[PDB]
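For reference, the structure discussed in these notes is given below.
Please note: Cβ atoms are built from the backbone with ideal geometry, for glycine as well, and neighbour counts cover all protein chains shown. Bear in mind that the values in this text are calculations on the coordinates, not laboratory data.
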């Protein structure tokens, strides 16, 4: 009992709050209570961007957390919250976990330091592009792609996988983002 | 900083139902795997039951199922132990421990299941006059165990003795508490032995005086 | 459903030695062991869990080791306020198993000593009630093996006396037996010579403390 | 040429505790040392030489440690037979130095008790020689620190009273004190009231025993 770890979290809605608590209780109902006793604290979302970093610092790091959780807000903004929390907790190399954010830039341990997520990103589904096209007697591609980082990463992944077949696509022409 | 005070002693004839408490304190009650163990006279310890007081999840020993039903309550943390009925061959002592590697045990609360009836203890003083200081209080025939003694309301601990009682001829038990002290202090300090038989709720104080 | 084996049974070490208590499983339990100490007239405590780690607030004299089978606990520099009954237990399938052991029992070894003898007659309240008893008691001797005999009216009578022996004290390891003689008021009044006979190696001769009935 | 400092000057333990003494080294005296036990009126023995090895025939409690800097032995679980004077002694350049120390002293501990005071006047046989002696006896007290005063006609006297203290008995661990007042018949016949007043930690008030000549 004297050892007490302090896993924090950052969820979306207050109700999920309760869920989180009950979850961690199960993690103690089965595993032991001598050198452990995981203690769970959390916070809820804010819209003021820099307020995210300020709040996460002041609240979550004041309780010497060990690994923060992160999830998308109820209203979508593509990136929103993982960037501030990722940067702030990456100052001290405190590993965080993603829960929904499947966008491809994060999977680069040079601009995000420490970030482990639990859903494969968009780019990985490129593999399914291959396997399916491998089975339905097809060997030709005219793929389009955006110019954003997501498109670049997806096209590079597909080309790297496909060049193993000693083959290549026909055209890789890319349009500018937000075109009319 | 955890105390697991149990309830007082209990003795009753076969047939009735029992209820004893293990009220805890000093820690967040709904997070630890309280259990129970039983010890019969001079054989060792065995396990009976265990209960997580957050979901009332329970489990039982290979052969104890249905005899005793464990419970819980999140108002004073008291984890009871419901006894079905009878179980005459159950004279033993029951401990309640805490954390599945059991750490913080409590007191003892022996449960007596016999056919006789409780009888109040009979105390007897001793008169010292020899020149070598030694004196005590004797507890004559009584039933049932246990019983506690203490001198001057626990103001004297060095040199105290308290023998194990034995059943002589009539199913009752006899005790004998002896103690020594500097000889010159015999006629200058008042001695009292405190006897408290919990079953019969008897409490007498036989003051002793020099012969 | 896992039997437990603990040997030896009555280890006896000199009060500076050590111990090598053993507790062997019946299967391969990786690391799920715990050791317990229980002093007489008390409730046990925890001192080792995991077969290698120490609990909180436990001196350094204790330490354990072992895996699979043949678990060992080694008390270093056995102090005086030891002499408690020990136990070993395992918890693999938990919570389902909780199988204990039987455990050994240490017993410190001392140097021979000589006991005193004191006696007490009835207290005139038991005499008023008609039930009389005279008690003779010893103090701080060793070992426990001793013979106590009565003498009523310069005659050895039996069948009416009972004796009790405590456990070894926790400061100097000395038993102290007591013995009691019970008889009716008339049976006590039939004689006026009472004494207790004590025979032991500690004392040179069987000292006796006779009581002369003179009220 | 090296002074051994032995501390503490006088310890005291309960029968079952431990002990820890010290032989302060004024220099780095290699790794050679010794530890000696001596009871009153007897020839000392040998316990540890080289500060780490046990001489044959010595029980296992005694052990020590040291590396040329205030070595130390720890008698664990001091029984009744122990508790006499100790000594430390070094040997570095031999045969040249052979420097001993001062050594500590161990006494048993017990609960406080009160003394019994007695007074003995001259028996008229010593008085026939022109000398008078008055004896004040303190019996079965604890601890040793106490004060005794002589009052001749309620007057303090100095330089004419002698004191003797016995040794701690192995049974009840007390002390017995005698105080004698010796004087000539000329001083004896000039005074009538004599008083012996004791003051002691275990006594509520300074208690006096007095007598008068020819009564």
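Could you list, in sequence order, all residues of the stretch D:62-79 that are under 25 Å from the mean Cα position of the chain (by Cα) and either in a loop (DSSP other than H, G, I, E, B) or on the phi > 0 side of the Ramachandran plot (or both)?
Matches in the stretch D:62-79: D:62, D:74, D:75, D:76, D:77, D:78, D:79.
For the stretch B:53-76: of the residues being crowded, with 18+ Cβ neighbours inside 10 Å and either in contact with a helix residue (DSSP H, G or I) (Cβ under 9 Å, 6 or more places away or on another chain) or under 30 Å from residue B:165 (Cβ atoms) (or both), which is farthest from the other protein chains (Cβ to nearest Cβ)?
Taking the candidates together, the pick is B:68.
Answer yes if at least one residue in the stretch A:3-26 is closer than 30 Å to residue C:95 by Cβ, without any contact (Cβ under 8 Å) to a residue 12 or more places away in the chain and surrounded by 14 or more Cβ atoms within 10 Å (Cβ to Cβ), and no otherwise.
The answer is yes, given that some residue of the stretch A:3-26 is closer than 30 Å to residue C:95 by Cβ, without any contact (Cβ under 8 Å) to a residue 12 or more places away in the chain and surrounded by 14 or more Cβ atoms within 10 Å (Cβ to Cβ).
What are the residues in the stretch A:127-148 that are surrounded by 13 or more Cβ atoms within 10 Å (Cβ to Cβ) and part of a helix (DSSP H, G or I), if any?
If the condition is that a residue be surrounded by 13 or more Cβ atoms within 10 Å (Cβ to Cβ) and part of a helix (DSSP H, G or I), then A:127, A:129, A:130, A:133 are the ones that fit.
Considering each of C:24, C:18 in turn, give the residue that is under 18 Å from residue B:45 (Cα atoms) and more than 11 Å from chain B (Cβ to nearest Cβ).
The match here is C:24.
Any idea which residue in the stretch B:15-52 is farthest from the other protein chains (Cβ to nearest Cβ), counting only those that are part of a loop (DSSP other than H, G, I, E, B) and in contact with a strand residue (DSSP E or B) (Cβ under 6 Å, 6 or more places away or on another chain)?
Filtering first and then ranking leaves B:17.
Let me spell it out: the conditions are (1) touching a strand residue (DSSP E or B) at 6+ places or on another chain (Cβ under 9 Å); (2) within 30 Å of residue D:171 (Cβ to Cβ), and residue D:99 meets all of them except one. Which number is the exception?
The single condition residue D:99 does not satisfy is (2).
Mind checking whether some residue in the stretch A:74-92 is out of contact with any strand residue (DSSP E or B) (no Cβ under 6 Å at 6 or more places or on another chain) and touching a residue at least 60 places away in the same chain (Cβ under 8 Å)?
Checked against the condition, which is being out of contact with any strand residue (DSSP E or B) (no Cβ under 6 Å at 6 or more places or on another chain) and touching a residue at least 60 places away in the same chain (Cβ under 8 Å), the stretch A:74-92 yields at least one hit.
Taking only the stretch B:84-102 into account, find how many residues are part of a loop (DSSP other than H, G, I, E, B) and more than 11 Å from every other protein chain (Cβ to nearest Cβ).
Number of matching residues: 8.
Test of understanding: among B:180, B:109, B:118, B:157, which residue is under 30 Å from residue D:173 (Cα atoms) and surrounded by 14 or more Cβ atoms within 10 Å (Cβ to Cβ)?
So the residue among B:180, B:109, B:118, B:157 that is under 30 Å from residue D:173 (Cα atoms) and surrounded by 14 or more Cβ atoms within 10 Å (Cβ to Cβ) is B:180.
Here are some residues: C:50, C:57, C:41, C:66. Which one is under 12 Å from residue C:22 (Cα atoms) and either within 14 Å of chain B (Cβ to nearest Cβ) or in contact with a strand residue (DSSP E or B) (Cβ under 8 Å, 6 or more places away or on another chain) (or both)?
Matching residue, one of C:50, C:57, C:41, C:66: C:66.
Looking at A:101, A:118, which one is in a loop (DSSP other than H, G, I, E, B) and loosely packed, with under 12 Cβ neighbours inside 10 Å?
A:118
Hey, residue A:124 hits all of (1) under 14 Å from the mean Cα position of the chain (by Cα); (2) farther than 27 Å from residue A:171 by Cβ; (3) assigned to a helix (DSSP H, G or I) but one; which does it fall short on?
Against the list (1) under 14 Å from the mean Cα position of the chain (by Cα); (2) farther than 27 Å from residue A:171 by Cβ; (3) assigned to a helix (DSSP H, G or I), residue A:124 comes up short only on (2).
How many residues, within the stretch B:103-129, are more than 7 Å from chain C (Cβ to nearest Cβ), within 24 Å of residue C:119 (Cα to Cα), touching a strand residue (DSSP E or B) at 6+ places or on another chain (Cβ under 8 Å) and assigned to a loop (DSSP other than H, G, I, E, B)?
Matching residues across the stretch B:103-129 total 3.
Does the stretch C:85-124 hold any residues that are part of a loop (DSSP other than H, G, I, E, B), surrounded by fewer than 18 Cβ atoms within 10 Å (Cβ to Cβ), away from every other protein chain (no Cβ under 11 Å) and under 18 Å from the mean Cα position of the chain (by Cα), and which are they?
C:107
With the requirement that a residue be within 30 Å of residue C:82 (Cα to Cα) and assigned to a strand (DSSP E or B), what does the stretch C:174-197 give you?
Those that are within 30 Å of residue C:82 (Cα to Cα) and assigned to a strand (DSSP E or B): C:175, C:178, C:179.
Within the stretch C:182-215, track down each residue that is farther than 22 Å from residue B:168 by Cα, away from chain B (no Cβ under 13 Å) and surrounded by 13 or more Cβ atoms within 10 Å (Cβ to Cβ).
Those that are farther than 22 Å from residue B:168 by Cα, away from chain B (no Cβ under 13 Å) and surrounded by 13 or more Cβ atoms within 10 Å (Cβ to Cβ): C:191, C:193, C:198, C:200, C:201, C:202, C:203, C:206, C:208.
What number of residues in the stretch B:153-178 are in a strand (DSSP E or B), within 17 Å of the chain's Cα centre (by Cα) and at the interface with another protein chain (Cβ under 8 Å from one of its Cβ atoms)?
Residues flagged as in a strand (DSSP E or B), within 17 Å of the chain's Cα centre (by Cα) and at the interface with another protein chain (Cβ under 8 Å from one of its Cβ atoms) within the stretch B:153-178 amount to 2.
Which residues, counting only those in the stretch B:72-101, are free of Cβ contacts under 8 Å to residues at least 12 places away in the same chain and in contact with a strand residue (DSSP E or B) (Cβ under 9 Å, 6 or more places away or on another chain)?
Matches in the stretch B:72-101: B:101 only.
Here is a list: A:26, A:37. Which entry is within 13 Å of chain B (Cβ to nearest Cβ), closer than 24 Å to residue A:57 by Cα and over 23 Å from the mean Cα position of the chain (by Cα)?
A:37
Would you confirm whether or not the stretch C:161-172 contains a residue that is at the interface with chain B (Cβ under 8 Å from one of its Cβ atoms) and not in a loop (DSSP other than H, G, I, E, B)?
Checking the stretch C:161-172: at least one residue is at the interface with chain B (Cβ under 8 Å from one of its Cβ atoms) and not in a loop (DSSP other than H, G, I, E, B).
Does the stretch A:58-83 hold any residues that are in a helix (DSSP H, G or I) and buried (at least 16 other Cβ atoms within 10 Å of the Cβ), and which are they?
Of everything in the stretch A:58-83, those that are in a helix (DSSP H, G or I) and buried (at least 16 other Cβ atoms within 10 Å of the Cβ) turn out to be A:60, A:61, A:82, A:83.
Within the stretch A:152-169, does at least one residue satisfy the condition of being in contact (Cβ under 8 Å) with a residue 40 or more places away in the chain and either more than 13 Å from the chain's Cα centre (by Cα) or surrounded by fewer than 16 Cβ atoms within 10 Å (Cβ to Cβ) (or both)?
yes
Across the stretch C:125-148, which residue is surrounded by the most Cβ atoms within 10 Å (Cβ to Cβ) among those that are within 13 Å of chain B (Cβ to nearest Cβ) and in a loop (DSSP other than H, G, I, E, B)?
The residue in question is C:138.
Tell me whether the stretch B:136-149 contains one or more residues that are facing chain C (nearest Cβ under 10 Å), in contact with a helix residue (DSSP H, G or I) (Cβ under 7 Å, 6 or more places away or on another chain) and closer than 19 Å to residue B:191 by Cα.
Checked the stretch B:136-149: no residue is facing chain C (nearest Cβ under 10 Å), in contact with a helix residue (DSSP H, G or I) (Cβ under 7 Å, 6 or more places away or on another chain) and closer than 19 Å to residue B:191 by Cα.
What tally of residues in the stretch D:1-54 results from selecting those that are in contact (Cβ under 8 Å) with a residue 60 or more places away in the chain, closer than 26 Å to residue D:143 by Cβ and assigned to a loop (DSSP other than H, G, I, E, B)?
Residues flagged as in contact (Cβ under 8 Å) with a residue 60 or more places away in the chain, closer than 26 Å to residue D:143 by Cβ and assigned to a loop (DSSP other than H, G, I, E, B) within the stretch D:1-54 amount to 13.
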